[PDB]
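Before any questions on binding or motion, here is one chain by itself as structure tokens, the form deposited in one PDB entry.
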């Protein structure tokens, strides 16, 4: 529960005052453009200190993440920000000494754009290991689309697409159960945890298994010659249930 508190606290990456590096960078750049070496040097320290704060928040988030793969991207992304920082400062100092230097202007701009992109990659990486909310909203978007492709495949008698779409649904559904289950080991018993876990079990033990059997039966029938008849309604019903199930896990995790 304390780590869960630290997590939310660390959610201060959502534009934090002391973790904010884009504004200090625009200011450092403007001093560079106006050719003010002293101003640059002053703002360079502020920019570097917030980048260091941002990095510190990211490393900390990594220490309370069992997401071994999310954590690697964060660490990698952090180390690249670290290497990039002094190079941005030197492009500013260079421009500060030669403000009319067009090359110094172009380099500043390329470093600025590179910093913005790298800061975005890091913050999204830290968002991923401190909240599965985004993950679930995306998972839900993909499930709906894949379920819809699965039913169109049925209507177009596309056995390949049926098996392929059903494989993507099953794998995404299985990953949702895994990402939610573990995440639940950060809370204590209550009507919350239980509702999330009952939603997850209904998906894995009841919904997924019957969707699988309907896919199997559709393929078996469509692979006939002529196609052997079938109940498209049970198939449609079972595929929709996959979406309902994932959507319910998401609602539960949110409350």
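Positions refer to the first chain, counted from 1.
Trainee: Highest mean C-alpha temperature factor of the two stretches 21-29 and 8-16, which is it?
Mentor: Higher mean C-alpha B-factor in the PDB entry: 8-16.
Trainee: Decide which of the stretches 186-194 and 31-39 has the higher mean C-alpha B-factor, going by the entry.
Mentor: Averaged over C-alpha atoms, the B-factors run higher in 186-194.
Trainee: Using the temperature factors in the entry, find which of 87, 148, 100, 139 has the highest value at its Cα atom.
Mentor: Of 87, 148, 100, 139, 100 has the highest C-alpha B-factor.
Trainee: Taking the Cα B-factors listed in the entry, which of 45, 212, 200, 67 comes out highest?
Mentor: Most elevated C-alpha B-factor of the set, per the entry: 67.
Trainee: Would you mind checking where the Cα B-factor of residue 253 ranks among the modelled residues of its chain, as the lowest, middle or highest third?
Mentor: Tercile = middle for this residue's CA B-factor.
Trainee: Relative to the other modelled residues in the chain, which third contains the C-alpha temperature factor of residue 130: lowest, middle or highest?
Mentor: Top third by C-alpha B-factor.
Trainee: Relative to the other modelled residues in the chain, which third contains the C-alpha temperature factor of residue 179: lowest, middle or highest?
Mentor: Highest third of the chain for residue 179's C-alpha B-factor.
Trainee: Going by the entry, which third of its chain does the Cα temperature factor of residue 72 land in?
Mentor: Tercile = highest for this residue's CA B-factor.
Trainee: Sorting the chain's modelled residues by C-alpha B-factor, tell me whether residue 208 ends up in the lowest, middle or highest third.
Mentor: Tercile = lowest for this residue's CA B-factor.
Below, we refer to the form deposited in another entry, which is not included among the displayed structures.
Trainee: So the CA-CA distance for residue 142 and residue 117 moves by at least 3 angstroms in the other form. Closer or farther than here?
Mentor: Closer is correct, given that in the other form the C-alpha spacing of residue 142 to residue 117 is reduced by at least 3 Å.
Trainee: Classify the change in Cα distance between residue 169 and residue 69 in the other form as closer or farther, relative to the shown form (magnitude of 3 Å or more).
Mentor: The answer is closer, because the C-alphas of residue 169 and residue 69 approach each other in the other form by 3 Å or more.
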